[PDB]
Structure formats: structure tokens, C-alpha cells
Amino acid sequence: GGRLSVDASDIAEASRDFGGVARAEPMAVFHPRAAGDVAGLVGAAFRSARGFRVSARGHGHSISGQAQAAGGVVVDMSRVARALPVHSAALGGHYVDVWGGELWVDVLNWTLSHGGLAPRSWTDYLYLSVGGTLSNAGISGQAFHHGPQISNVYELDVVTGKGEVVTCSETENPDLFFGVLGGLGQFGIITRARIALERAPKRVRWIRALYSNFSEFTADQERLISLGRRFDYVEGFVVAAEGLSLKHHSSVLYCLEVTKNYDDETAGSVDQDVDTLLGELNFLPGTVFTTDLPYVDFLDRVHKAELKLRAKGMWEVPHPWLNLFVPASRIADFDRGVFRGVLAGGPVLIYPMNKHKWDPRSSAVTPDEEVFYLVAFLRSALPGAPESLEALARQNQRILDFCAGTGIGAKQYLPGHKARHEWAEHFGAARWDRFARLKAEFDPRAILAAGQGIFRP
Ligand SMILES: *Cc1cc2c(cc1C)nc1c(=O)[nH]c(=O)nc-1n2C[C@H](O)[C@H](O)[C@H](O)COP(=O)(O)OP(=O)(O)OC[C@H]1O[C@@H](n2cnc3c(N)ncnc32)[C@H](O)[C@@H]1O
Ligand SMILES: Cc1ccn(-c2ncnc3[nH]cnc23)c1
């Protein structure tokens, strides 16, 4: 049912990503119509003498060529007929079956227009594929409570490295199910994902509050994630005090970002619920900024920033992004060590998560502590300036050197490792053994997601 394409435009797109650095070209781009087509192509690669590389591409949001298939075939998973959301009395809630290449923004519009339902756990940006985020974790402000997107999926259909289609879940082929989740595309291509859904709120009360003290900012973020009244989203950002009294206390400001979701039924209590939660906090008085907007508009906020950047030609620039999971016991050292020390290129995100919401059976790698932070350096290099990218890449290495030199047991999220001993150290002995065993079972020829640079033929 599917077709091989050698169109130079398809080739060029399959040879690039959001990172803007890695440029490994495939021989062809495959456009499947169904799971059977993906299975046929992977089947061909597995049975070939050479054993060519096959990689699924979602929306091409990788930073270092993770979706690239050097001299092989890139499967363009992007998209008729869609499954409707379903209620189950056994699970006590709703779900929806989606194609692995579906963008979260399309999943959202679909579930909202069919029963006013929506996923519970997000990414900050919705123009990402389901297969792509489920191969990593999928994190945003809801993860502290609902867990990442890999903790909100009931079932998958996976095309293995042997071209076999397998239905898997916690009760059916669990080794494959848990291996694939956070598995970096190593054990198969997700063709179907059964996403957990909740009744969607209609509106969002979006709040931002400032702090000049890192100890007070982290203590409040940690208290908020332990919360029965609670915010529905908890994030934060590090900002230079200059780019805005508060300056006399600190040269670095920390912005706390929270939301309170509501609908027709809770609209009467939202204002007081917010006031009660805010009163318990230690943010700077008079620094509260509030916005009231529809749920879709809040979830799509990064796409709005994207459209503005595209107009100025500031979107298709190199993005040397660095994402770290930092144990909460070592977060204080980041303030003078990195935020005031090493530091750039754009926003610096920071927020804690609860490890108990992450299933330890998955392939995802988190620090060995109950509370850990995402610390994301979301830099953009200057357009057409290779030296700007080089200076930012040196800044990222200095951050990694700092973690190593002070014994911070940080773990990279969307890991950019390429050497065997780096991957061994990332996973650790027990997780590395489990990962290698899963590779021998599901992708012995190392056909899939070779751009990750973990295994070789
Ligand atoms: C660009 C970007 C990324 C991003 C983000 C905002 C922007 C502007 N915000 C994020 C956030 O808030 N939370 C989060 O967890 N991640 C965030 N990201 C990063 C993003 O999740 C990743 O880039 C991820 O890779 C998803 O992006 P995409 O869907 O574009 O996928 P890819 O980059 O093409 O491929 C990633 C890897 O997975 C393999 N792959 C792709 N599709 C599949 C399927 N269906 N099955 C199995 N493996 C698959 C690729 O081969 C590659 O190895
Ligand atoms: C290139 C760009 C512009 C805004 N962002 C983001 N802003 C806030 N949170 C984000 N999360 C992921 N990308 C984000 C990324």
C-alpha cells in the first residue's frame, strides 16, 4: 500500500531536524498507508543481505539526528479513518487509538470534537508525534501529578526490527511494551497507541509569579508538586533581572508558572481556589501576572511563539538544546554553578517531578531520587552564524563538565550520547543489560533508529 520516494524535497526533509546540525541522508523516504506497509519495509530490511537502516520520522523535532537513517530508508509517519474515543467500565475511563505518526495537536482537536475529551499529560509543544514522544517520555507541567506521557498509555501496536506486528500492553507481551516506552525507537516502530483520556476542562487560569531567591523558588515548586487542592500545571523559568527593588536582592530572577483548569461546573470556585493556593506561597508580592483563556489556547501557546519566529526567519536556525534530569538534592549547586556561573540562546526551563509517577519497568532513565528536576537549556544559535552554534555547544559541554566534576548524578533527557561507555554510564549496569537483551530479541540487526548511535550491525 505504501510508496518509496526519491523526491529531493522528501530526501532533504528526512536529512534534517530541529537541531539543524546532523544531516545524514537516506537513499529513499517511505510513505506508508497502514501498519502492514511499515511491517513490509522493516521485513525487507531485516531479510536483506546488507540490512539497511530504517528510522521512523515523526515531526523531525530531534536535536542530533535521532530520526536519521544514513543510506537507508526514513519512514515518514505523518498524515482518515480515525478511531473514536471509547469508554471502558473496566479501566473506569476513556481511551483513544491513534496512528503513531499523529501529532498531539490533531489528537487534541479529535478527542475534544468527540465527547469533549483530552489526554491528561502533555508536552509544552503539540506539533510532535505520538510515537516520537512515547519513545522518550513526553513531559510538561502535568507530569508531577499524572506522570509523563509514557505513564498514560494502555496499549501499543509495534512493528519490531524483524518486521513483525505485535500488540502489547502491561498484560500482553509486557517486555516489548515497557521496552518501547522511553526506548528511543530501539525495539520497533509504534503504529498504534491507546491514549488515556479525561473529560477536558474548558478554560485555564494561567499564572506567573517572580522570586529573587532560588531557595524560596525551589522550596515552593517542591511544595506545589507534593499537593485536596492543587494546581494542574507546575513549571518555571530562569531569567536575568536586567531584561525586565527586586534587582537589589538578586541579579537572577526565577519565574514560577502554574495553572488552574476549570469548566462551567467549577467556574464559580476557581477565583478562591487560586487565592487559597497562592496565599500559601512565598513569591514576591505584586509580581503576579494572570491570563484567562480556553484550554486549547493554553496548550498551543508554543505554536503561537513559533508563528512569530517563522515570520522573522528565527525558527529554522540551529537549536543546540540540552535537557537534564537533576536530583533535587543537587539543585542548589545549579544556581551559582550554572545559572550565575557558566551562563543563553533562549529560555532556561526548570521544574521538579515525582519519580513514583514513572513506571520503573520502562526504558526511561531518571535520577535515583524521589524528586528530580528537568533543567532545559533551550538555546537558539544566531541565523547563518556557525560560530554562534559552536559557542553554545561549548557552553553545553561546560555544563556537562560541571555535573561530572561535582558528582551530580544528572541524566540527560533526549540523550545526545554516541559512544558505548557513555551509554553504559547513562543506563547503569542493570538497565544496560535489560536494554541490550531487548535489542537482541527485537532488533538483532540494529536496523531501527540507528541515528541514536547506541548499537551497530
Ligand atoms: C522541537 C521541540 C521538541 C520538544 C519540545 C518543543 C519543541 C519546539 N517540547 C517538549 C516538551 O515540552 N516535552 C517533551 O517531552 N519533549 C519536548 N520536545 C522534544 C520531543 O519530545 C522530541 O524531539 C521527540 O523526539 C518527539 O519529536 P518527533 O515526533 O518530531 O519525533 P522524531 O524527532 O522524528 O523522532 C524521535 C525518535 O523517535 C523515533 N521515532 C519516531 N516516530 C516513532 C514511532 N512512531 N515509533 C517509534 N520510534 C519512533 C525516531 O526514529 C527517533 O529516534
Ligand atoms: C523555540 C522555542 C520558543 C519557545 N519555546 C518554548 N518555550 C517554553 N516552553 C517550552 N518548551 C518546549 N519548548 C518551549 C521554544
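All residue numbers in this chain count up from 1 along the given sequence. First listed ligand is number 1; within each ligand, the first listed atom is number 1.
- Of the possible donor and acceptor atoms, one in the side chain of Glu422 sits under 3.5 Å from a partner among the backbone N and O of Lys418.
- When only modelled atom types and interatomic distance are considered, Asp157 and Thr191 share no side-chain donor-acceptor pair under 3.5 Å.
- Ligand 1 lies nowhere less than 4.0 angstrom from a heavy atom belonging to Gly183.
- The local environment of NZ in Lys304 is crowded, with over 12 non-hydrogen atoms from other residues, nucleotides or ligands closer than 6.0 Å.
- Counting atoms of ligand 1 from 1 in the listed order, those under 4.0 Å from a heavy atom of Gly185 are 48 (N).
- Between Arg310 and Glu316 a salt bridge is recorded (basic side-chain N to carboxylate O distance below 4.0 Å).
- Protein heavy atom nearest atom 5 (N) of ligand 2, with residue, atom name and distance: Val302 CG1, 3.9 Å.
- Side-chain N/O atoms of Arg340 and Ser250 include a donor and acceptor closer than 3.5 Å.
- At the shortest separation from atom 40 (N) of ligand 1 among protein heavy atoms lies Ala56 O, 3.7 Å.
- Regarding atom 52 (C) of ligand 1, its nearest protein heavy-atom neighbour is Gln66 O, 3.3 Å.
- The shortest N or O to N or O distance between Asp124 and ligand 1 is below 3.5 Å.
- When hydrogens are left out, the protein atom nearest atom 34 (O) of ligand 1 is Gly58 N, 2.8 Å; that is the closest non-hydrogen contact.
- Counting non-hydrogen atoms of neighbouring residues, nucleotides and ligands closer than 6.0 angstrom, the CG atom of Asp368 reaches no more than 12 such neighbours.
- Between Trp358 and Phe325, the two ring planes are perpendicular [angle over 60°; tilted spans 30° to 60°].
- At a heavy-atom distance under 4.0 Å, no atom of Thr123 approaches ligand 2.
- Annotation for ligand 1: atoms under 4.0 Å from non-hydrogen atoms of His59 are 28 (P), 29 (O), 30 (O), 34 (O).
- Here's the thing with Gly101: none of its N/O atoms is less than 3.5 angstrom from an N/O atom of ligand 1.
- With respect to atom 13 (N) of ligand 1, the closest heavy atom belonging to the protein is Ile139 O, 2.7 Å.
- By the criterion of a heavy-atom distance under 4.0 Å, the side chain of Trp315, and not its backbone, is placed next to ligand 2.
- Cation-pi geometry between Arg192 and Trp99 is not met at under 6.0 angstrom from the ring centre and within 45 degrees of the axis.
- Among protein heavy atoms, the minimum distance from atom 9 (N) of ligand 1 is reached at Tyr125 CB, 4.0 Å.
- Closest heavy-atom approach to atom 18 (N) of ligand 1 within the set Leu128, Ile63, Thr123, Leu103: this belongs to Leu128.
- No heavy atom of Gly451 sits closer than 4.0 Å to any atom of ligand 1.
- Taking atom 8 (C) of ligand 1 as the reference point, the nearest protein heavy-atom neighbour is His61 CE1, 3.5 Å.
- Residue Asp124 has at least one N or O atom closer than 3.5 Å to an N or O atom of ligand 2.
- Looking at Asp76, its side chain does come within 3.5 Å of a backbone N or O of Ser78 through a donor-acceptor pair.
- Of the polar atoms of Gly60, at least one N or O is found under 3.5 Å from an N or O of ligand 1, judged by distance alone.
- Those atoms of ligand 1 with a heavy atom of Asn136 less than 4.0 angstrom away are 24 (C), 25 (O).
- Taking every non-hydrogen atom of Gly138 and a distance limit under 4.0 Å, the qualifying atoms of ligand 1 come out as 15 (O).
- Ligand 1 places these atoms under 4.0 Å from at least one heavy atom of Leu414: 19 (C).
- Note on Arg205 versus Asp292: salt bridge recorded, some NZ/NE/NH1/NH2 to OD/OE distance being below 4.0 Å.
- In summary, the atoms of ligand 1 found under 4.0 Å from a heavy atom of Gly188, numbered by their order in the structure, are 47 (C).
- Closest to atom 3 (C) of ligand 2, if we only count protein heavy atoms, is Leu309 CD1, 4.1 Å.
- At least one heavy atom of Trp321 sits less than 4.0 Å from an atom of ligand 1.
- Side-chain contact of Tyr127 with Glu306: a donor-acceptor pair under 3.5 Å is absent, judged by distance alone.
- No side-chain donor-acceptor contact under 3.5 Å links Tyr413 and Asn136.
- Looking only at heavy atoms of the protein, atom 33 (O) of ligand 1 is closest to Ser62 OG, 2.7 Å.
- Each of the following atoms of ligand 1 lies closer than 4.0 Å to a heavy atom of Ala449: 53 (O).
- Close contacts between ligand 1 and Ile189 involve ligand atoms 46 (N), 47 (C) [criterion: under 4.0 Å to a heavy atom].
- In this structure, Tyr413 has a heavy atom closer than 4.0 Å to ligand 1.
- A salt bridge is absent between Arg437 and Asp175: the closest approach of a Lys/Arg side-chain nitrogen to an acidic carboxylate oxygen does not fall below 4.0 angstrom.
- Against a heavy-atom cut-off of under 4.0 Å, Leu378 is close to the following atoms of ligand 2: 10 (C), 11 (N), 12 (C), 13 (N), 14 (C).
- Taking only nitrogen or oxygen atoms, main chain and side chain alike, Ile190 reaches within less than 3.5 Å of ligand 1.
- Checked by distance only, ligand 1 and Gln452 come closer than 3.5 Å through their nitrogen or oxygen atoms.
- The residues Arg208 and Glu257 are annotated as salt-bridged, a charged nitrogen and a carboxylate oxygen being separated by less than 4.0 angstrom.
- The protein heavy atom nearest to atom 38 (O) of ligand 1 is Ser135 CB, 3.9 Å.
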Discussion item. Could you walk me through whether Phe217 and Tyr254 satisfy the ring-ring contact (aromatic ring centres under 6.0 Å, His included) test, starting with their C-alpha distance in whole Å, then the side-chain angles of each, then the deciding distance to 0.1 Å, before giving a yes or no?
Written reply: CA-CA 7 Å; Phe217 165 76; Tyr254 316 99; 5.5 Å; yes
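- Salt bridge status for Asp433 with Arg431: absent, with no side-chain N to carboxylate O gap under 4.0 Å.
- Looking at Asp443, its side chain does come within 3.5 Å of a backbone N or O of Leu448 through a donor-acceptor pair.
- The environment of CD in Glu370 is crowded: more than 12 heavy-atom neighbours from other residues, nucleotides or ligands sit within 6.0 Å.
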